[PDB]
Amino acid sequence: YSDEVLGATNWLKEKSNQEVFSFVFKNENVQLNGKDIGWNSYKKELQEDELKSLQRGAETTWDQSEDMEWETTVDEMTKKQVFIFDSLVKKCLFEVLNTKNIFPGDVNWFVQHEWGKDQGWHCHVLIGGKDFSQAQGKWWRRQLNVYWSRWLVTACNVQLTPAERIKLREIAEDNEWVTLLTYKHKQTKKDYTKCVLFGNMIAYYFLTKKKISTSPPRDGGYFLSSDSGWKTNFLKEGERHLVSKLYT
(Lines of atoms letter the chains of each structure in order from A and count residues from 1; the text may use other names and numbers.)
(Lines give C-alpha, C1' and ligand atoms only; values in the text may rest on other atoms or scores of the structure.)
Protein backbone atom coordinates (compact mmCIF):
# COMPACT_ATOMS: atom_id res chain seq x y z
CA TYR A 1 0.00 0.00 0.00
CA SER A 2 1.07 3.57 -0.69
CA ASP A 3 2.58 5.62 2.12
CA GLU A 4 -0.37 7.97 1.66
CA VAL A 5 -2.93 5.24 2.34
CA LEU A 6 -0.88 3.78 5.20
CA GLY A 7 -0.31 7.26 6.62
CA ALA A 8 -3.99 8.18 6.54
CA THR A 9 -5.02 4.87 8.14
CA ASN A 10 -2.49 5.27 10.97
CA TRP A 11 -3.44 8.90 11.61
CA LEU A 12 -7.13 8.02 11.92
CA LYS A 13 -6.53 4.94 14.05
CA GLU A 14 -4.49 6.98 16.52
CA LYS A 15 -7.57 9.18 16.83
CA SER A 16 -10.12 6.35 16.73
CA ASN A 17 -11.68 7.26 20.07
CA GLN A 18 -11.23 11.00 20.25
CA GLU A 19 -14.52 12.69 21.18
CA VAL A 20 -15.48 15.48 18.76
CA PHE A 21 -18.50 17.61 17.89
CA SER A 22 -20.46 16.86 14.73
CA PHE A 23 -21.76 19.83 12.74
CA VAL A 24 -23.46 20.26 9.38
CA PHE A 25 -23.08 23.50 7.43
CA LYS A 26 -25.85 24.02 4.92
CA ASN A 27 -28.07 26.49 3.17
CA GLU A 28 -31.71 26.49 2.15
CA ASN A 29 -33.46 28.08 -0.79
CA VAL A 30 -34.75 31.60 -0.25
CA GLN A 31 -36.94 33.92 -2.26
CA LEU A 32 -36.82 37.57 -1.25
CA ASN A 33 -38.99 40.03 -3.18
CA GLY A 34 -39.04 37.75 -6.21
CA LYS A 35 -35.25 37.26 -6.09
CA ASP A 36 -34.22 33.60 -6.04
CA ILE A 37 -31.31 32.68 -3.78
CA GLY A 38 -30.45 29.05 -4.37
CA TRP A 39 -27.79 26.75 -2.95
CA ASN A 40 -25.23 28.07 -5.43
CA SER A 41 -25.99 31.79 -5.22
CA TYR A 42 -22.85 32.47 -3.16
CA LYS A 43 -20.15 32.68 -5.79
CA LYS A 44 -18.38 35.92 -4.92
CA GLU A 45 -14.69 35.23 -4.45
CA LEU A 46 -13.84 37.53 -1.59
CA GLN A 47 -10.36 39.01 -1.79
CA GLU A 48 -9.48 38.33 1.83
CA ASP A 49 -6.01 36.74 1.93
CA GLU A 50 -6.84 33.79 4.22
CA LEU A 51 -10.03 33.03 2.29
CA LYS A 52 -8.14 33.04 -1.01
CA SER A 53 -5.54 30.66 0.43
CA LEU A 54 -8.26 28.34 1.71
CA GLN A 55 -10.02 28.30 -1.65
CA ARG A 56 -6.73 27.44 -3.35
CA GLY A 57 -6.39 24.55 -0.89
CA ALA A 58 -9.83 23.24 -1.88
CA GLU A 59 -9.00 23.47 -5.60
CA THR A 60 -5.77 21.54 -5.22
CA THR A 61 -7.44 18.96 -2.98
CA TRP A 62 -10.00 18.41 -5.74
CA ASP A 63 -7.28 18.27 -8.38
CA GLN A 64 -5.11 15.74 -6.55
CA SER A 65 -8.03 13.49 -5.58
CA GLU A 66 -9.41 13.40 -9.10
CA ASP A 67 -9.31 9.97 -10.68
CA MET A 68 -8.47 10.55 -14.34
CA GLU A 69 -8.79 6.91 -15.42
CA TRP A 70 -12.47 7.69 -15.91
CA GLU A 71 -14.06 11.01 -16.84
CA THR A 72 -15.63 13.60 -14.55
CA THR A 73 -18.58 15.72 -15.69
CA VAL A 74 -19.42 17.73 -12.57
CA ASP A 75 -20.67 21.23 -13.53
CA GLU A 76 -18.05 23.96 -13.34
CA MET A 77 -20.44 26.16 -11.33
CA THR A 78 -20.92 23.35 -8.82
CA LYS A 79 -17.19 22.78 -8.30
CA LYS A 80 -16.59 26.50 -7.93
CA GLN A 81 -19.31 26.89 -5.33
CA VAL A 82 -18.09 23.88 -3.34
CA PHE A 83 -14.54 25.32 -3.32
CA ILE A 84 -15.89 28.65 -2.09
CA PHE A 85 -17.96 26.94 0.61
CA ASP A 86 -14.91 24.94 1.75
CA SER A 87 -13.07 28.20 2.32
CA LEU A 88 -16.05 29.80 4.12
CA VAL A 89 -16.71 26.81 6.39
CA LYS A 90 -13.06 26.73 7.43
CA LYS A 91 -13.01 30.51 7.94
CA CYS A 92 -15.90 30.06 10.38
CA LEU A 93 -14.15 27.28 12.28
CA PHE A 94 -10.92 29.28 12.48
CA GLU A 95 -12.75 32.42 13.65
CA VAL A 96 -14.28 30.50 16.55
CA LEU A 97 -10.92 28.88 17.38
CA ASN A 98 -9.47 32.41 17.60
CA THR A 99 -12.25 33.44 19.97
CA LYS A 100 -11.20 30.61 22.28
CA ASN A 101 -7.45 31.17 21.75
CA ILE A 102 -7.12 27.61 20.49
CA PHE A 103 -3.88 26.84 18.66
CA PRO A 104 -4.92 25.22 15.34
CA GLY A 105 -2.44 22.40 15.87
CA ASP A 106 -4.24 21.37 19.07
CA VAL A 107 -7.43 20.66 17.10
CA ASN A 108 -8.53 17.59 15.19
CA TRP A 109 -10.97 18.26 12.39
CA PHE A 110 -12.45 16.66 9.31
CA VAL A 111 -14.58 18.26 6.61
CA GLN A 112 -16.69 16.48 3.97
CA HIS A 113 -18.92 18.04 1.33
CA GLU A 114 -21.88 15.94 0.25
CA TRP A 115 -25.08 16.02 -1.78
CA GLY A 116 -28.18 14.78 -0.02
CA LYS A 117 -31.15 13.30 -1.85
CA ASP A 118 -33.46 15.88 -0.28
CA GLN A 119 -31.31 18.81 0.94
CA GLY A 120 -28.62 18.85 -1.75
CA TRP A 121 -25.26 20.41 -0.86
CA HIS A 122 -24.13 20.31 2.75
CA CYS A 123 -20.85 20.04 4.61
CA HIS A 124 -20.10 17.77 7.54
CA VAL A 125 -17.59 18.98 10.09
CA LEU A 126 -16.11 16.92 12.90
CA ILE A 127 -14.05 19.00 15.31
CA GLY A 128 -12.59 18.57 18.78
CA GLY A 129 -9.49 18.38 20.92
CA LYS A 130 -8.15 18.97 24.43
CA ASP A 131 -9.65 22.49 24.59
CA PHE A 132 -13.11 21.10 23.76
CA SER A 133 -15.76 19.74 26.15
CA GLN A 134 -19.32 18.49 25.48
CA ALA A 135 -21.03 21.29 27.42
CA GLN A 136 -19.59 23.80 24.92
CA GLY A 137 -21.39 22.27 21.93
CA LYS A 138 -24.41 24.59 21.96
CA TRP A 139 -22.18 27.67 22.18
CA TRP A 140 -20.06 26.37 19.31
CA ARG A 141 -23.11 25.81 17.10
CA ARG A 142 -24.39 29.31 17.82
CA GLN A 143 -21.05 31.02 17.15
CA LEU A 144 -20.49 29.02 14.00
CA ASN A 145 -23.96 29.96 12.75
CA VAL A 146 -23.19 33.65 13.40
CA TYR A 147 -20.04 33.55 11.27
CA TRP A 148 -21.62 31.29 8.63
CA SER A 149 -24.60 33.60 8.12
CA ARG A 150 -22.26 36.59 8.08
CA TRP A 151 -19.97 35.11 5.44
CA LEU A 152 -22.82 33.83 3.28
CA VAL A 153 -24.37 37.29 3.07
CA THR A 154 -20.97 38.70 2.10
CA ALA A 155 -20.43 36.00 -0.56
CA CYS A 156 -23.96 36.13 -2.02
CA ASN A 157 -23.82 36.93 -5.76
CA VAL A 158 -27.47 38.00 -6.01
CA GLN A 159 -27.87 41.79 -6.00
CA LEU A 160 -29.61 42.50 -2.70
CA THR A 161 -30.94 45.63 -0.99
CA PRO A 162 -29.72 46.27 2.56
CA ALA A 163 -33.14 45.16 3.86
CA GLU A 164 -32.85 41.91 1.89
CA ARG A 165 -29.30 41.24 3.13
CA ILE A 166 -30.49 41.61 6.72
CA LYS A 167 -33.46 39.34 6.07
CA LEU A 168 -31.13 36.73 4.58
CA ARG A 169 -28.79 37.05 7.56
CA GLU A 170 -31.63 36.42 10.02
CA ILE A 171 -33.06 33.51 7.97
CA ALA A 172 -29.70 31.74 8.03
CA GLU A 173 -29.56 32.12 11.82
CA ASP A 174 -33.20 31.50 12.78
CA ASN A 175 -33.39 28.42 10.58
CA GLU A 176 -30.10 27.06 11.93
CA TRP A 177 -28.04 26.70 8.78
CA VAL A 178 -25.40 25.23 11.06
CA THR A 179 -26.72 22.16 12.88
CA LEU A 180 -25.20 20.27 15.84
CA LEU A 181 -25.64 16.52 16.41
CA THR A 182 -27.67 15.81 19.53
CA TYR A 183 -29.23 12.74 21.05
CA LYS A 184 -32.75 12.01 19.77
CA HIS A 185 -35.37 13.86 21.85
CA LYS A 186 -38.91 15.25 22.10
CA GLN A 187 -39.45 18.80 20.78
CA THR A 188 -40.33 20.51 24.07
CA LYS A 189 -37.66 18.57 25.97
CA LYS A 190 -33.95 19.17 26.52
CA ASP A 191 -31.39 18.34 23.86
CA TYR A 192 -27.95 17.00 24.77
CA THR A 193 -24.92 17.42 22.55
CA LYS A 194 -23.86 14.07 21.07
CA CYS A 195 -20.11 13.83 20.56
CA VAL A 196 -18.89 11.27 18.08
CA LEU A 197 -15.68 9.28 17.81
CA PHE A 198 -13.39 10.97 15.27
CA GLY A 199 -11.39 8.15 13.67
CA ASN A 200 -14.22 5.64 13.72
CA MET A 201 -16.79 7.95 12.14
CA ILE A 202 -14.38 8.89 9.36
CA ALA A 203 -13.22 5.32 8.56
CA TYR A 204 -16.51 3.48 9.04
CA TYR A 205 -18.84 6.11 7.57
CA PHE A 206 -17.54 9.20 5.74
CA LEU A 207 -14.91 7.26 3.78
CA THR A 208 -17.58 4.78 2.62
CA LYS A 209 -19.40 7.32 0.44
CA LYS A 210 -19.41 7.27 -3.38
CA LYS A 211 -17.59 10.05 -5.28
CA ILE A 212 -19.78 12.50 -7.16
CA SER A 213 -18.71 12.51 -10.81
CA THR A 214 -21.77 13.87 -12.59
CA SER A 215 -24.28 16.69 -12.65
CA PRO A 216 -26.84 16.21 -11.22
CA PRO A 217 -24.85 14.68 -8.32
CA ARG A 218 -25.50 11.11 -7.24
CA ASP A 219 -27.71 11.19 -4.17
CA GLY A 220 -25.69 10.74 -1.00
CA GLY A 221 -22.35 11.13 -2.76
CA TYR A 222 -19.38 13.21 -1.59
CA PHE A 223 -17.57 15.99 -3.44
CA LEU A 224 -14.48 16.72 -1.44
CA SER A 225 -12.97 15.96 1.98
CA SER A 226 -10.14 17.31 4.10
CA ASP A 227 -8.71 17.07 7.57
CA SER A 228 -6.42 18.86 10.01
CA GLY A 229 -3.55 16.53 9.09
CA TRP A 230 -3.97 16.81 5.30
CA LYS A 231 -4.25 13.00 5.41
CA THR A 232 -7.46 12.17 3.54
CA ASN A 233 -7.49 15.26 1.27
CA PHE A 234 -5.75 13.86 -1.76
CA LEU A 235 -7.15 10.33 -1.62
CA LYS A 236 -9.07 8.99 -4.63
CA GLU A 237 -12.30 7.06 -3.92
CA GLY A 238 -10.56 3.71 -4.31
CA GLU A 239 -7.86 4.74 -1.85
CA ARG A 240 -10.45 5.90 0.67
CA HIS A 241 -12.09 2.46 0.62
CA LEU A 242 -8.65 0.90 1.09
CA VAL A 243 -8.21 3.08 4.19
CA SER A 244 -11.49 1.76 5.63
CA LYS A 245 -10.39 -1.80 4.88
CA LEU A 246 -7.00 -1.37 6.56
CA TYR A 247 -8.52 0.51 9.50
CA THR A 248 -10.56 -2.57 10.38
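Residues carry their position along the shown sequence, with the first being 1.
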159 to 167 or 105 to 113, whichever carries the higher mean Cα B-factor
159 to 167
Of 171 to 179 and 68 to 76, the one with larger mean CA B-factor:
68 to 76
Highest recorded Cα temperature factor - choice among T214, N200, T61, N40:
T214
Return the residue from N27, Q55, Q47, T193 that has the highest Cα B-factor in the entry.
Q47
Of the three thirds of Cα B-factor ranks in this chain, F83 occupies the lowest
Quick check for you: using the entry's CA B-factors within this chain, is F132 in the lowest, middle or highest third?
highest
For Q119, the third of its chain by CA B-factor is the highest
Binned into thirds over the chain's modelled residues, the C-alpha B-factor of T9 lands in the middle
Consider only the C-alpha atoms of the modelled residues in this chain, order them by B-factor as the entry records it, and name the third containing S22: lowest, middle or highest.
lowest
